[PDB]
*Asks:* 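Before I ask anything, let me first share the structure, which is written out below as structure tokens.
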Amino acid sequence: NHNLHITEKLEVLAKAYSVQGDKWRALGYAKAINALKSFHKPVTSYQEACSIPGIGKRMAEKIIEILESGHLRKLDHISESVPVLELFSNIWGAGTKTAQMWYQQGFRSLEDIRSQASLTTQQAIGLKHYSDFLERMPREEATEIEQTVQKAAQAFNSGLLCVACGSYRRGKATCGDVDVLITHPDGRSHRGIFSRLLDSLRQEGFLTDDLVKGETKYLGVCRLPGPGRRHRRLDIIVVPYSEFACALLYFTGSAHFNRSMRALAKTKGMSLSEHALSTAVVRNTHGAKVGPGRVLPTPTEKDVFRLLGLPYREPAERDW
DNA sequence: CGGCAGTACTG
DNA sequence: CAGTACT
DNA sequence: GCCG
Ligand SMILES: [Mn+2]
Ligand SMILES: [Mn+2]
Ligand SMILES: [Mn+2]
Ligand SMILES: [Mn+2]
Ligand code: NA
Ligand code: NA
Ligand code: NA
């Protein structure tokens, strides 16, 4: 990154807008930061700044202040609430609205939350694992977690296919959590497995807490056995084989990669989701779907790229 | 002016 | 529904 | 915040 001296201060504002709930302004900052991190050389003129997609007048002005003066004065006017709002919204299950409510009610520390806040079931689990959920794991540990889920699943049906997606499949050396996708080539055998699979993992002691238990998605907490182990976030999704390619693409990400791909599809009158790539999608002036369109056959990730007119990218090239 | 991805889950 | 979460 |  050629422009650390710029992006480092912009990311402070981005985080401030994000925890205060100004999601679209924060999105603009996030994109401009990526755009700056993707530029070969350091940026040296306001005209070069606008050069970059994702950099407008206001962002170019901010970059110039940074280069001429070495600082951005807006940083000196960030609300004193922001560190606390960040502290609170790092509780799993608490976002900007809950953080702002707790702040308005006078809470300033996790001790205040522990002792005085009403917590949802999810948030109480988030708080108990506050430190652990901010820690990443070595990818070798993600491998052990993936293999634990697969062994429990294959015990029920040898035909079940389990793959760790997210940062793991993109090849990262550390992982924030483990994202396991499960399907069955027979197109049927994936149905109703969650009850038995989660019970199998829970009877081990491996599954320690449940956050979300849906018919297709599980989000929870696990811990491998023995000393020196931390609690880790584990997500599981079970999908029909018909949707494997789009589910794999979704679950491998990155998030910004997915959003970019889905935006591209929309420009082409198509729609991309974890379920399917669809064509002839009908939308209104506001960009919302009014007519469903037709699911396109996508047996492989390659097929999704091809139908969108894009060259295939390995998971490691999706780490946007 | 107004979209900025599309979906699942909780209560 | 609003809120939060997933990539 | 940016951009069509
Ligand atoms: Mn992940
Ligand atoms: Mn995850
Ligand atoms: Mn722990
Ligand atoms: Mn993530
Ligand atoms: Na630009
Ligand atoms: Na949170
Ligand atoms: Na009090």
Side-chain angles (χ1 to χ4, degrees), chain A residues 10 13-14 16-18 20-22 24-36 49-50 52-56 59-62 88-101 118-123 125-126 133 164-170 175-181 210-212 214 216-220 233-239 243 246-267 270-278 281 283-284 287-288 292 315 318-320:
Chain A
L10 297 178
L13 277 172
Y17 288 125
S18 179
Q20 292 180 283
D22 192 351
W24 301 126
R25 185 166 311 257
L27 181 63
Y29 273 79
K31 283 181 168 175
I33 284 157
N34 278 329
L36 279 170
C50 316
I52 302 116
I55 308 286
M59 211 57 75
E61 292 164 349
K62 287 169 210 297
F88 291 168
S89 62
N90 277 340
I91 299 174
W92 203 101
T96 181
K97 297 292 189 178
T98 297
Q100 293 183 281
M101 194 208 73
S118 285
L119 297 166
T120 67
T121 299
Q122 292 171 343
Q123 285 160 0
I125 294 161
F133 289 177
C165 300
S167 53
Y168 182 80
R169 181 158 189 259
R170 296 200 304 284
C175 302
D177 82 328
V178 187
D179 304 300
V180 179
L181 180 58
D210 304 333
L211 297 165
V212 165
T216 68
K217 295 204 313 196
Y218 171 81
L219 301 66
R233 284 272 294 103
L234 171 61
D235 293 343
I236 302 171
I237 300 173
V238 179
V239 305
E243 304 181 356
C246 287
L248 191 60
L249 184 72
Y250 156 71
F251 222 23
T252 299
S254 76
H256 271 142
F257 176 79
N258 287 350
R259 291 172 80 164
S260 162
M261 186 140 280
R262 296 169 174 207
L264 180 67
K266 182 174 261 186
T267 71
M270 303 165 74
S271 192
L272 178 61
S273 75
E274 38 255 68
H275 296 291
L277 177 70
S278 305
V281 178
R283 298 165 160 106
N284 59 18
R318 302 179 204 166
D319 193 39
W320 300 5

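In the text below, chain A, chain B and the rest are named by the order of the sequence lines, each starting its count at 1. Reckoned from all heavy atoms, side chains included, excluding hydrogens, waters and symmetry mates.
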*Asks:* Given B:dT10, D:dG1, C:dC6, which nucleotide is nearest the side-chain atoms of A:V212?
*Replies:*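 Minimum distance to the A:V212 side chain belongs to B:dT10.
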
*Asks:* I want to check one thing: is the phosphate of B:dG6, taken as OP1 and OP2, less than 4.0 Å away from some side-chain N or O of A:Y250?
*Replies:*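 No.
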
*Asks:* Is it the case that the side chain of A:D179 and the backbone of A:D235 share a donor-acceptor pair, with hydrogens and angles ignored and the cut-off at 3.5 Å?
*Replies:*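 Checked: no pair found.
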
*Asks:* Using a 3.5 Å distance criterion without hydrogens, assess whether the side chain of A:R233 forms a donor-acceptor pair with backbone atoms of A:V178.
*Replies:*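 Not at all, since once roles are kept as given, no pair shorter than 3.5 Å links the two residues.
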
*Asks:* Roughly how many Å is it from CG in A:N34 to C1' in B:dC4, rounded to a whole number?
*Replies:*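 These atoms are roughly 15 Å apart.
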
*Asks:* Is A:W92 near enough to B:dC9 that one of its side-chain N or O atoms lies under 4.0 angstrom from OP1 or OP2?
*Replies:*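 So the side chain of A:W92 is outside the cut-off, no N or O lying under 4.0 Å from OP1 or OP2 of B:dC9.
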
*Asks:* What is the distance, rounded to the nearest whole Å, between atom CE of A:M101 and atom P of C:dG3?
*Replies:*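 Whole-Å distance recorded here is 11 Å.
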
*Asks:* Consider the side chain of A:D179, meaning its heavy atoms from C-beta on, and name the nucleotide among C:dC6, B:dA5, B:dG6 that approaches it most closely.
*Replies:*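 Out of C:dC6, B:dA5, B:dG6, the nucleotide with an atom closest to A:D179's side chain is C:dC6.
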
*Asks:* Please report, rounded to the nearest Å, how far the P atom of B:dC9 is from the CG atom of A:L219.
*Replies:*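 Roughly 9 Å, once rounded to whole Å.
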
*Asks:* Classify the ring geometry of A:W320 against A:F257: parallel below 30°, tilted from 30° to 60°, perpendicular beyond 60°.
*Replies:*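 Correct class here is perpendicular.
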
*Asks:* So, the side chain of A:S18 versus the backbone of A:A14: is there a donor-acceptor pair under 3.5 Å, distance only?
*Replies:*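 A pair under 3.5 Å: no.
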
*Asks:* So what's B:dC1 doing, north or south, if we go by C1'-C2'-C3'-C4' (plus is north, minus is south)?
*Replies:*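 Here the torsion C1'-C2'-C3'-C4' comes out negative, placing B:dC1 south.
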
*Asks:* Report the residue (A:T120 or A:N258) whose heavy-atom-nearest nucleotide on DNA chain B is the more 5′ of the two.
*Replies:*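 Its nucleotide being nearer the 5' end, the pick is A:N258.
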
*Asks:* Name the closest nucleotide to the A:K62 side chain, picking from B:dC9, D:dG1, C:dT7.
*Replies:*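 For A:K62, the side-chain atoms sit closest to D:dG1.
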
*Asks:* What nucleotide among C:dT7, B:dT7, C:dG3 has an atom nearest to a side-chain atom of A:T98?
*Replies:*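 The answer is C:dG3.
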
*Asks:* Supply the atom-to-atom distance A:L119 CG to A:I91 CD1, rounded to the nearest 0.5 angstrom.
*Replies:*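 The CD1 atom of A:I91 is 6.5 Å from CG of A:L119, to the nearest 0.5 Å.
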
*Asks:* Check the phosphate of C:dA5 against A:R233, side-chain N and O only, distance under 4.0 Å to OP1 or OP2. Yes or no?
*Replies:*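 Result: no.
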
*Asks:* Write down the distance between CG (A:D235) and P (B:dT7), rounded to a whole number of angstrom.
*Replies:*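 Taking CG of A:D235 and P of B:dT7, I get 19 Å after rounding.
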
*Asks:* With a 4.0 Å cut-off on heavy atoms, is A:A265 in touch with a base, just the backbone sugar-phosphate, or nothing at all?
*Replies:*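 The answer is nothing, as A:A265 stays clear of every strand by at least 4.0 Å.
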
*Asks:* Using the P atom as the point on both nucleotides, what is the distance between B:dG6 and D:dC2, in whole Å?
*Replies:*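 Between the two P atoms, the distance is 23 Å.
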
*Asks:* Report yes if a side-chain nitrogen or oxygen of A:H275 is closer than 4.0 Å to either non-bridging phosphate oxygen (OP1 or OP2) of B:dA8; otherwise report no.
*Replies:*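 Result: yes.
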
*Asks:* Could you state the atom-to-atom distance from OH of A:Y168 to P of C:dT7 in whole Å?
*Replies:*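 One finds 16 Å between P of C:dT7 and OH of A:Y168, rounded.
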
*Asks:* Let's see if you can work this out: which of C:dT4, B:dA5, D:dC2 has an atom nearest to the side-chain heavy atoms of A:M59?
*Replies:*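 Looking only at heavy atoms from C-beta outward on A:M59, the closest nucleotide is D:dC2.
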
*Asks:* Check this one for me: any side-chain N or O of A:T216 less than 4.0 Å away from OP1 or OP2 of B:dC9?
*Replies:*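 Checking B:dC9 against A:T216, a side-chain N or O does come within under 4.0 Å of OP1 or OP2.
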
*Asks:* Just N and O in the side chain of A:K31: are any of them under 4.0 Å from OP1 or OP2 of D:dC3?
*Replies:*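 No.
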
*Asks:* Is any side-chain N or O of A:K266 closer than 4.0 Å to OP1 or OP2 of B:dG6?
*Replies:*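 The answer is yes; a side-chain N or O of A:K266 sits under 4.0 Å from OP1 or OP2.
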
*Asks:* Rounded to the nearest angstrom, tell me the gap between atom CG in A:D210 and atom P in B:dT10.
*Replies:*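 These atoms are roughly 10 Å apart.
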
*Asks:* For a quick check of understanding: with a heavy-atom distance under 4.0 Å over all strands, which category does A:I91 fall into, base, sugar-phosphate or nothing?
*Replies:*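 Answer is sugar-phosphate: A:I91 comes under 4.0 Å of backbone atoms only.
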
*Asks:* Could you tell me how far apart A:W24 (CH2) and B:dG2 (P) are, to the nearest whole angstrom?
*Replies:*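 About 15 Å, once rounded to whole Å.
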
*Asks:* Under 3.5 Å, is there a donor-acceptor pair between the side chain of A:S254 and the main chain of A:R318?
*Replies:*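 Such a contact is found between A:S254 side chain and A:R318 backbone.
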
*Asks:* Base, sugar-phosphate, or nothing for A:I237, non-hydrogen atoms under 4.0 angstrom?
*Replies:*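 No contact.
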
*Asks:* Between B:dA5, C:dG3, C:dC6, spot the one nearest the side chain of A:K97, thanks.
*Replies:*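 The listed nucleotide nearest to A:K97's side chain is C:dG3.
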
*Asks:* For DNA chain B, whose closest nucleotide is more 5', that of A:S273 or that of A:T121?
*Replies:*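 Result of the comparison: A:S273.
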
*Asks:* For the pair made of CZ in A:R262 and P in C:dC6, what is the distance, rounded to whole Å?
*Replies:*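 In whole Å, C:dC6 P and A:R262 CZ are 15 Å from each other.
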
*Asks:* If you round to the nearest 0.5 Å, how far is NZ of A:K31 from OG of A:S260?
*Replies:*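 The distance works out to 8.0 Å.
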
*Asks:* Can you tell me if A:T96 touches the phosphate of C:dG3, counting only side-chain N or O atoms and a distance under 4.0 Å to OP1 or OP2?
*Replies:*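 Indeed not, no polar side-chain atom of A:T96 lies that close.
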
